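Colleague: Experimental structure and its sequence below.
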Amino acid sequence: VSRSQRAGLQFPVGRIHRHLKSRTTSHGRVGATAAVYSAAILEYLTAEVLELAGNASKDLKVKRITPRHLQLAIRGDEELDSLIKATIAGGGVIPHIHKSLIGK
Amino acid sequence: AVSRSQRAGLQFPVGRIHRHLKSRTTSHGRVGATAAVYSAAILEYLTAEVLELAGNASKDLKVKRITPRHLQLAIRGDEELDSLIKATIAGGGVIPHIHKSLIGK
Amino acid sequence: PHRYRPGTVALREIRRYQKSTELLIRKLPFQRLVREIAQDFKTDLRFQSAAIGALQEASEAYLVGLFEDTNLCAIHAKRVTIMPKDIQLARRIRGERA
Amino acid sequence: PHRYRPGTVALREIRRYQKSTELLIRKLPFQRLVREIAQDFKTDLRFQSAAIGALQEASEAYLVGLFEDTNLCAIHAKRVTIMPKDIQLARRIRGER
Amino acid sequence: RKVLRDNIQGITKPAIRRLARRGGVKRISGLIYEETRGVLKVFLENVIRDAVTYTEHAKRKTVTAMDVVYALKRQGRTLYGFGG
Amino acid sequence: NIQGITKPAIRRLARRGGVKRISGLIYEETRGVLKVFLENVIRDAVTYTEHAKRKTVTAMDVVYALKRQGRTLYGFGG
Amino acid sequence: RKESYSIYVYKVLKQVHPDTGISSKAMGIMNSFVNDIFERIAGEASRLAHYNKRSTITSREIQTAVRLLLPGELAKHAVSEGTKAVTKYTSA
Amino acid sequence: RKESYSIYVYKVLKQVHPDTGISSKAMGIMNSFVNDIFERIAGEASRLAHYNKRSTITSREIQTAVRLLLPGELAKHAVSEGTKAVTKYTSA
DNA sequence: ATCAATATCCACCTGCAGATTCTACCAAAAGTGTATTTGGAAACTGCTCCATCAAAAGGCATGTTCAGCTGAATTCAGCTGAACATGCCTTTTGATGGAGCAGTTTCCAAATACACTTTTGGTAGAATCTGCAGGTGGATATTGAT
DNA sequence: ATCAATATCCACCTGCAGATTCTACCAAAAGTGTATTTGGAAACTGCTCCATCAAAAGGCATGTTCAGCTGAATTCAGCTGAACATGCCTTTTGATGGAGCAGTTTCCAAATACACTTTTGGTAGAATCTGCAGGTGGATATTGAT
């Protein structure tokens, strides 16, 4: 009977609790459900990225998601883009060419 | 009976700083006897560096008491404090500067 | 009758304001602006006076700093008049949104 | 005899390289450079290949993004050619100063 | 109470000109004043939204200067001189 | 060594960046900037290495360094 | 010996996209991603509890931390999922 | 009730500028500066400990944290002052 | 070049607002003990780095030619700065009531802390397979030129 | 927009191999069950300090007029940087075998956490000094017309 299965989550509630406990503080304590909540939103967010990333790969008729697909998915979405100003190694950039630079 | 600050030759309060380190980290977190000392030392050195330059500034304006304007002059004028302190000093203003293109030919 | 030429009073004002440190937005209207925006988030909020003091100092710090960058963009376009597209170029490069 | 007009090939390379994701700096010259720079901080260092690879990735991501902002400054000035004052302005507004 | 609306226009054309002067600006286009108001409003929304989030969490009805100082640190606009 | 970062390479980077026409002085400018970049990151990386009493800069030491300059990198251990 | 979120990322992939696989470099990205958001959420939550002279990071800290960290809409849904997973888990 | 760094900032002030006072707003700034730098050190130091699977924060952590946060010349001098005070302290 | 018209200093001046000192309890820093780990400190793995060699294969460096872009010069509509008259609304001084922080107290529901039992996730080798990168040849884009 | 002749680009389909995924066991978590702790929500309450209100007055915002000079448009030609097909020097790569040395592990001295009971340093208001904020008035620019 595991806490992830109890919470109806794929993500590892037990481990997330053990990591949280190691963040704060000497004094510190960690509620039962905090681990559950955290694991819940980490799972939701990776589902959202993988959802969009999956579409990007289908729209190129390939089966395997690559870092390019993660980059296209993330940059092409206003909110994921805001949230993730990391550098996605091997993802490249979104194709874009300024109007003024096109031939007349 | 002597205080740890005194024992380290410091003005900044070693005990208090040792007590804020315990307070903030880690979980199972341990703080060494000399982590507090070393910390009080560099807090005090940095305070000295800032107050040295601020004080010069207010002498350059023939006044006796340091104001936030002086702190701002000191920090912006020092290449390294300016890099360290990217914060906004309430009351500070800015360093007088006018680009050349704007000056009347 | 005496007229300073266009731009002379402007340089006097840069010198004046760069030398001073007082808030440049009037307090009451700014306090009002804050309470209007705050209220569109959560009704029945109060404010410590220092909370509004904090918002105003940050807000003017931010805007003064943004006109410095805006001014560099205008000068880069070999102009002397800052325009909306300068403020937009500044903010794009600053990573701010839009 | 066949020639493309100035800019035509240029636009072709933009399209190609915004399409691809491979490193655009050559690995070995770059490794040489990283190691030389590092030598000034600590001597006889060794590098995980993964670490050299992270540095290059970060570097090229940084330069490419800086070229985007440099182009914007160039276009702001009614040009089409980036120049060092374009890189200088971008780095200034960025706070790298 | 009384209804609060159009208060952004309380940031007058002379206040914006003064702020630009401290920023070293010599000449201002006539379209700057409404841009600035728009940009100030997005600034304040973001800071006040976060500040109020700190207030609600702590179950208070009063936004404190600490709520504002933490909000600004989050936004990477750290402020000195109110922090206690 | 910095000169080993060649012109066609800087050309390629700019192309990915959307640049159409490149002034002849951009190349020496770009190296000065890339050099300030690597110096700032590597110094921090090596500082993490020395702390760990190692002689080998790990990918984590760079990922940590990049996180400190605010250039977070996904893909190499965090 | 060295743990990862690979296993669980792949499990999530198979729900939203049973058809799809993921390359190891992409899996690396998702890892860096989950570690990063975890550390941001965790950081803000500790901070919150400290600002309020508390000691236990509860799901209340996490939730506020999410409101502060996630853009609205991503934040709405993320608040749902957490409220969901938590109520469902406290039902025995 | 509410602690502060004021009597220490004041002490140090008298050392460098025996003639000079400090208005209370300037002291507010100074207090914000000290608490800020303290947090950055402590932060960087706890993180250092984490990356090396160590649970104690020693002067050796603090010293690296200072090399990471402080630029160039300020760092060289702060390290000397910290080293000096520690070896003075560890002289019983 | 000189005035004429303003703006800017720079120094001198006097009590007010705000600073430097002065005075008492409380939390916290200190010196004692005793009980627990932490993380060097050595000694030995195996990874996984560096340094080779050694091709062929790119990819760069080089020089020429000129398209076309940048910068300079010229012009002018009208936008924006300066000044002025007018009077409103912010500022300032000072109260009022009381909403709602924040300081104390109790004290269960919620945590840590074991100590054991039982499971899962990580590692290291098997077992296919996505798609890189290669071919063709059809249509397109580009550029010269009645 | 058609005529031509490049070259580019874009499908469709192809075949292996470098990566992926699926298979099979061993430890460190993850889950249980018990026994304490404890932190933080109550439920009162003392008491800042926040929202109003009033009221007077001048520091400023508003709006208009007028024209100086700036930004935007246009033309131009010198020359800078793109395109090119040439010629060769450097990077790529792919085992090999040595080895430097991360990453274990096993071991105890030093360094840390507790813990009951000291002593003192620093905070909160009272109590006194006193810089300096701007008020004023002339000497020293600074600006702009002529």
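Modeller: Arrived safely, thanks for sending. Numbers count the residues shown, from 1 in each chain, chains lettered A, B, ... in the order given.

Colleague: So the helix or strand hosting residue G:39, near chain B or not?
Modeller: Using DSSP states H and E, residue G:39 sits in helix G:24-51. Yes - applying C-beta under 8 Å from any C-beta of the partner chain, one finds helix G:24-51 touching chain B at residue G:50. Heads up, the C-betas are built off the backbone N, CA and C, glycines and all.

Colleague: any residue of that helix up close to DNA strand J?
Modeller: Yes - remark: helix G:24-51 sits within contact range of DNA strand J at G:24, G:25, G:49, by C-beta under 7 Å from any atom of the strand.

Colleague: Check which strands are paired with the following helix or strand past that helix and give the direction for each one.
Modeller: Toward the C-terminus, helix G:24-51 is succeeded by strand G:56-57 as the next helix or strand (DSSP H and E). Here strand G:56-57 is paired, per DSSP bridges, with strand A:29-30 (parallel).

Colleague: Is chain G within reach of the following helix or strand past the strand it pairs with?
Modeller: Remark: after strand A:29-30, the chain's next helix or strand is helix A:34-58, criterion DSSP H and E. Yes - using C-beta under 8 Å from any C-beta, helix A:34-58 reaches chain G at A:34, A:36-51, A:53-54, A:57-58.

Colleague: got the buried residues for the one helix or strand residue A:6 maps to?
Modeller: Using DSSP H and E, residue A:6 falls within helix A:3-7. Of all the residues in helix A:3-7, those buried under the rule 16 or more other C-beta atoms under 10 Å in any protein chain shown are A:3, A:4, A:6, A:7.

Colleague: Stretch E:6-25 too?
Modeller: Using 16+ other C-beta under 10 Å as the burial criterion, the residues of stretch E:6-25 that qualify are E:7-8, E:10-11, E:15-25.

Colleague: Need the phi and psi values for the nearest residue to residue C:89 once chain neighbours are set aside.
Modeller: The shortest distance from residue C:89 to any non-neighbouring residue, by C-beta to C-beta, 6 or more residues apart in numbering or on different chains, is to residue C:73 (4.7 Å). Here is the backbone geometry of residue C:73 (degrees, to the nearest 10): phi -60, psi -40.

Colleague: Neighbours of residue C:73, how many?
Modeller: Neighbourhood size, residue C:73 [other C-beta atoms under 10 Å in any protein chain shown]: 27.

Colleague: And residue E:52, by the same measure?
Modeller: Neighbours of residue E:52 using other C-beta under 10 Å come to 21.

Colleague: so it, which of the three states?
Modeller: Applying DSSP: H, G, I helix; E, B strand; the rest coil to residue E:52 yields a three-state assignment of helix.

Colleague: Contact partners for residue 41?
Modeller: No chain in the question, so chain A it is. Residues near residue A:41 by C-beta atoms under 8 Å, 6 or more residues apart in numbering or on different chains: G:41, G:62, G:66, G:78, G:81, G:82.

Colleague: Can you look at chain G instead?
Modeller: Residue G:41 is in contact with A:38, A:41, A:42, G:62, G:65, G:66, G:69, counting by C-beta under 8 Å, 6+ apart.

Colleague: So which bits of chain A are right by chain D?
Modeller: Residues of chain A lying near chain D (C-beta under 8 Å from any C-beta): A:67-68, A:71, A:87, A:89-98, A:100-103.

Colleague: before we move on, what about chain C?
Modeller: Proximity of chain C to chain D, by C-beta under 8 Å from any C-beta, involves residues C:69, C:72-73, C:76-78, C:85, C:89-90, C:92-95.

Colleague: cutoff 6 Å now
Modeller: Residues of chain C lying close to chain D (C-beta under 6 Å from any C-beta of the partner chain) are C:69, C:76, C:77, C:89, C:90, C:93.
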